[PDB]
Each structure stands twice: as C-alpha cells, then as structure tokens.
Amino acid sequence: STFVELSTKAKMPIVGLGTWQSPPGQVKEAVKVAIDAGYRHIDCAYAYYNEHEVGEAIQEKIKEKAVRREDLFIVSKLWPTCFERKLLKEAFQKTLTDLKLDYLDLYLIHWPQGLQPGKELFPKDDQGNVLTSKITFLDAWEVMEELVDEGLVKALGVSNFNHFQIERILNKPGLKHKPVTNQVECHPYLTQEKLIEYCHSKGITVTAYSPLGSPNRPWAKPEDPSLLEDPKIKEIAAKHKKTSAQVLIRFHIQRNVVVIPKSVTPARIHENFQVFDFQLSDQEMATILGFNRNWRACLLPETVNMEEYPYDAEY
C-alpha cells in the first residue's frame, strides 16, 4: 500500500520526506525536488529551525499548480519547552506562519518530557542539567485538541512515546482526540515489534524515522553499525535491483509502517522514493527483522534522567 489509514479515516502517505538537520539553505531545494519526484508527505518540526524554507518550497509548488494543499500531508511537532497553554498556541501559530499554511494534517508532541521555557531546546543549569517543567503532555494534549476542533489541525499524534505514555492519554478523562501516530526511531537494529504491535492494537499507526540508521547524526564513533554497508542487506538489495537504502525503506512499508527518510541530496531524495515497485519475500523480511538488537542511534544521554524518559520501559 502507498498510504496508511488513520483512525480519522484520512490517508497518510506511507513514505514522507524527513527534514531533521537539513540546513536552512538546502531544505528548500530538497522539498521542491521531493515534491517533483512524487513526495506528498513532508515531515517538519519547530526544533529543526528550517520550517520557513520548507514553507517557501511548498508555496512555490502550489503556486506552480503541480500540487494543491489537499494533496500534501504536512507534519510538524510541538517542542516540550512550549507545553504551556499560551506558549503552545504561539508555537503552533508560528509553525503555521513559517510553513505558510492554514492548517496542519498532523501535529505531534515532539517529546514527552516537559521542559523549561525559553529560546533553548534543552535549557541547562550551571552544571549542565536540562531544566524540566511541571507541565505534562496531557496538559498540552488538552489544548492541542482545541486546535483539532477548530480545524487548524486534522489529527494529533505523538513522537518518542513508550506505550505507557500512550496509555496515559488513551485513558485520560474527557479524551476528545486519540493520537493517530507514534513517530519513533525504527530500523533493522531496532525493530520495535512490541510498540508497533501495541499501537496497531489501539488503531494507532507508527511512523519510522532514521530508517537508514541515521549514519549522519553528529558525534557517532567510526566503528558503529552501518545498515547501508551490511552485506546481507546489500545482498537482498542487489537481488531486487535496488539499493540498501531502498530495502531499509521498503522494510517499513511491508510492515504497514510510515517511513520518513531524510536527505538534502537530490539524487538520494529521488532514490528513497523508488520503493513501490518491488516486494521483499517473507524470508527476506525475517532476515531483516532478525537484525534486531534494540539499538538506538538517537538517544540523548542528557535526557536519561528526565521523569518522562521513554526508553527505560520495555516498549
């Protein structure tokens, strides 16, 4: 399938363009190329400081008439430093202004742990400890649901949430809108079988980021596992006349998981989208699933303490 059905009955293109770390002076071209190559799902975030450029690219493609707003599925995320009623709506409106849109198809809590306000993604004290906040994601969720009922957000979702944190929201008194997706790191070394199974059992889809093991992430020792270099994956790729990256991307699609590979390289953007004309066999999917080691490439040590740290739980 080329899309996933959300609980709201809306369609989410199973493949989208990731933009984390995409330099501001390159993401605009990346989005234009992505749209020209066929992408209709763009994943954005306030914390990426590049939404203004994404918005310029979109506006231009709509202006050209190659696409209409309705053809695109735009995703953005609320940063934990803005859980507060006021700061939340300001961050949302700012995201809407930067992207030059009137509504978002999906708005996600970028991280469960509320953080101290300010122009800092991770405010730290004198020692360097990240200052958390009392405001919870349920507090933010209530106001985010307002955006939904006012038609400014088509659906809400979460990112980097373990199943407990999702349970907290599904069973919240007076729940108005259920999350439609949990965006988490997922690839062969971190298959997320339990979390995916838990989400699907609740009618919640899963969006996989860092599908290529994110071999870019700043500070990543040389002898760290490389999914793009693994001979077994390369072998499977070659038999299908595809690249490893295309296999790592196709992997999620066959598990009915949305995947958002990131790139600012026109050629790779093009490459990551040629994943709808082939099928991995049952044995190949098993071989790939067998790579799991619950190894996280993301992981930010400075967050291991936070009460809402989501990676200690089983799933």
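In this text, residue numbers run from 1 along the sequence as written.
In this entry, 45 to 53 shows the higher mean Cα temperature factor of the pair 27 to 35 and 45 to 53.
Averaged over their C-alpha atoms, the temperature factors of 120 to 128 and 240 to 248 are higher for 120 to 128. The maximum CA B-factor among the listed residues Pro211, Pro215, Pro179, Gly203, taken from the PDB record, is found at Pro215. Per the deposited coordinates, the residue with the largest Cα temperature factor out of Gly157, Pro231, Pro80, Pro188 is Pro80. Split the chain's modelled residues into thirds by C-alpha temperature factor. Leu147 is in the middle one. Per-chain ranking of the deposited C-alpha B factor places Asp105 in the lowest third. When all modelled residues of the chain are sorted by CA temperature factor, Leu96 is found within the middle third.
Ranked against the other modelled residues of its chain, the C-alpha B-factor of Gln113 as given in the entry falls in the highest third. Sort the chain's modelled residues by C-alpha temperature factor and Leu170 lands in the middle third, per the entry.
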